[PDB]
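Peer 1:
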Amino acid sequence: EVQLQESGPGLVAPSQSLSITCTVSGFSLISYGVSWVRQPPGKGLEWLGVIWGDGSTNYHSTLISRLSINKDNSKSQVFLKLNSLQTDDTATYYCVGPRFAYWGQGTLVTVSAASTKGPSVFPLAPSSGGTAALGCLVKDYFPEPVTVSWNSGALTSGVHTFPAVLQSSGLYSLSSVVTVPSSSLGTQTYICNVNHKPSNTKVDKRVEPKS
Amino acid sequence: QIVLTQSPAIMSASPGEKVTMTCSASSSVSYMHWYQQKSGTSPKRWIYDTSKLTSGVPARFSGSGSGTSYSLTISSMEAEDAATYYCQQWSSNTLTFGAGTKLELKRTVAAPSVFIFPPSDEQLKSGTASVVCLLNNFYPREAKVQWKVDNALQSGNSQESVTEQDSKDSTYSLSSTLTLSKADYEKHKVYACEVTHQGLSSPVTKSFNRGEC
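Protein sequences appear in the order of chains A and B. Each residue of the first sequence is one higher than the last, beginning at 18 in the working numbering. Each residue of the second sequence is one higher than the last, beginning at 132 in the working numbering.
Here's what the structure looks like:
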């Protein structure tokens, strides 16, 4: 099927230019245009621009002075470049294929002079036919985002992964929990799989009742 | 440069209610499109060319309008319909979006199930202390959490966040973290999170005693 995949830096310093690649498949870049859209955290959608089949480009008037879009048809790749960066350019960036019907998964780019930092993962152990809760705390990482699954995606029912909070230190913290039957705490294994792509930091943390 | 104004900004509908949201443009538009977005996912093309449904969209959705006036209607609200809806136009060089309508499922009251988690020995060995309080599967969204340490009210040293409404049971969950130094944690005994919510006749306190295994 038609697929669009973004590759982006995650963290970029405001002294740099933001550069994102979108690799497409399933349609002709020579025939169809590709657009870029962004969404700041907690806010709405903003169209940035488009590159058409023949290479012509259109940009949003408010940002026309900062944006540049080009492409390589032979590689089925589209390139976005955003200049004059500020912290308020932090957003999820999407490439969007024909008819605006196929969207990439989106890549969260953070504009900051701070440094990348991978998280520590701590267990939230179930307390000592009854429902029990367990989880993990993903503490002190930068920038967003972190993803969390349980038992390598085998456990989805009852899972709640919460929005991250920004601590006073400038680092984020996130929790993920799951509720299970209390009768399973002694016989099932519970593992939270944490991925912090901006730092290529991955952790698998087993959570068990405290001894 | 065509501005799209969506109304209402936020609405809640009970199961089976007819829902209508509106999108008005500053200039005439030939076609209006609508996208649905749920927590942590790309927007999905939902209605296009004003009144056409993308494959897989339930037939209770419909779209209508002309000129500067458009609308999206759900004949009978369902839990899976809770989401943010954005109108979108491209009748000029610059594509624009509305600011969105956030649609919630109005269900019965559900009291939170409350759980408290001490800092792990791993964290303590690493040199920090976090206490976590979970309020699970409650409705409506409004809820208050108060942290107490040896009956001292904690103010300004906790943070909290809330999930989006569950697509199945239409509830919310909330996680709150109290941050202490290891020395502070180790010099106090009783850790409590007290929860106020419409589903509770009186605030409920979940607590633990540090050191008690």
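Every residue, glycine too, gets a C-beta built ideally from N, C-alpha and C.
Which word fits residue 205 (chain A), buried or exposed, when buried means at least 16 other C-beta atoms lie within 10 angstroms of its C-beta?
Peer 2: Here residue 205 (chain A) refers to the residue found at position 188 of the first sequence. Burial call: exposed.
Peer 1: Can you look up residue 313 (chain B) in the DSSP assignment and give me helix, strand or coil?
Peer 2: Position 182 of the second sequence holds residue 313 (chain B). Note: residue 313 (chain B) maps to helix in three-state DSSP.
Peer 1: Going by C-alpha distance, which of A:31, A:42, A:191 is nearest residue 182 (chain A)?
Peer 2: Here residue 182 (chain A) refers to the residue found at position 165 when the first sequence is read from its first residue. Looking at the Cα atoms, A:191 is the closest of the given residues.
Peer 1: Hey, could you find the ends of the alpha helix (DSSP H) residue 257 (chain B) is sitting in?
Peer 2: The residue labelled residue 257 (chain B) in the question sits at position 126 within the second sequence. Taken as a continuous stretch (DSSP letters only), the alpha helix (DSSP H) holding residue 257 (chain B) covers 252-257.
Peer 1: Rounded to the nearest angstrom, what separates residue 334 (chain B) and residue 160 (chain A) at their Cα positions?
Peer 2: By one-based count along the second sequence, residue 334 (chain B) stands at place 203. By one-based count along the first sequence, residue 160 (chain A) stands at place 143. Going by the C-alpha atoms only, they are around 36 Å apart.
Peer 1: Is residue 336 (chain B) helix, strand or coil when you go by DSSP?
Peer 2: For the purposes of this step, residue 336 (chain B) is taken as the residue at position 205 of the second sequence. Residue 336 (chain B) falls in the strand class under three-state DSSP.
Peer 1: Only counting the same chain, and skipping five residues up and downstream in sequence, which positions put a Cβ closer than 6 Å to that of residue 62 (chain A)?
Peer 2: Numbered from 1 along the first sequence, position 45 holds the residue referred to as residue 62 (chain A). Taken in chain order, the residues that qualify are 54, 56.
Peer 1: Around the Cβ of residue 106 (chain A), are there at least 16 other Cβ atoms within 10 angstroms (buried) or fewer (exposed)?
Peer 2: Here the question's residue 106 (chain A) lines up with position 89 in the first sequence. Per the 10 Å Cβ criterion, buried.
Peer 1: Please check if any C-beta of chain A sits within less than 8 Å of the C-beta of residue 176 (chain B).
Peer 2: In the second sequence, the residue the question calls residue 176 (chain B) occupies position 45. So yes, residue 176 (chain B) belongs to the interface.
Peer 1: Do residue 194 (chain A) and residue 265 (chain B) have their C-beta atoms closer together than 8 Å?
Peer 2: The residue you call residue 194 (chain A) lines up with position 177 of the first sequence. The residue you call residue 265 (chain B) lines up with position 134 of the second sequence. Result yes, Cβ atoms of residue 194 (chain A) and residue 265 (chain B) sit closer than 8 Å.
Peer 1: Run through DSSP, which three-state label would residue 198 (chain A) get?
Peer 2: Translated into positions along the first sequence, residue 198 (chain A) becomes position 181. Residue 198 (chain A) falls in the strand class under three-state DSSP.
Peer 1: List, in order along the chain, the chain B residues whose C-beta lies closer than 9 Å to that of residue 108 (chain A)?
Peer 2: Along the first sequence, one-based indexing puts residue 108 (chain A) at 91. Ordered by position in chain B, no residue passes the 9 Å Cβ test against residue 108 (chain A), which lies about 13 Å from the chain.
Peer 1: Contact criterion: CB-CB distance below 8 Å. Does residue 49 (chain A) meet it with respect to chain B?
Peer 2: Here residue 49 (chain A) refers to the residue found at position 32 when the first sequence is read from its first residue. Not closer than 8 Å to any Cβ of chain B, the Cβ of residue 49 (chain A) fails to qualify, so no.
Peer 1: Can you name the residues that DSSP bridges to residue 181 (chain A)?
Peer 2: Taking the first sequence and counting its residues from 1, the one referred to as residue 181 (chain A) is at position 164. In the DSSP output, where bridge partners are listed per residue, residue 181 (chain A) has none listed.
Peer 1: Starting from residue 110 (chain A), follow the beta strand (DSSP E) in both directions and report where the run begins and ends.
Peer 2: If you number the first sequence from 1, residue 110 (chain A) lands on position 93. First-last of the beta strand (DSSP E) with residue 110 (chain A): 108-113.
Peer 1: Does the Cβ of residue 296 (chain B) have 16 or more other Cβ atoms within 10 Å, making it buried, or fewer, making it exposed?
Peer 2: In the second sequence, counting from the first residue as 1, residue 296 (chain B) sits at position 165. The C-beta of residue 296 (chain B) has 16 or more other C-beta atoms within 10 Å across all chains shown, which makes the residue buried.
Peer 1: Are the C-beta atoms of residue 141 (chain A) and some chain B residue less than 8 Å apart?
Peer 2: Taking the first residue of the first sequence as 1, we reach residue 141 (chain A) at position 124. Yes, contact with chain B.
Peer 1: In whole angstroms, what separates the C-alpha of residue 174 (chain A) from that of residue 43 (chain A)?
Peer 2: Translated into the one-based positions of the first sequence, residue 174 (chain A) becomes position 157. Translated into the one-based positions of the first sequence, residue 43 (chain A) becomes position 26. Their Cα atoms are separated by approximately 33 Å.
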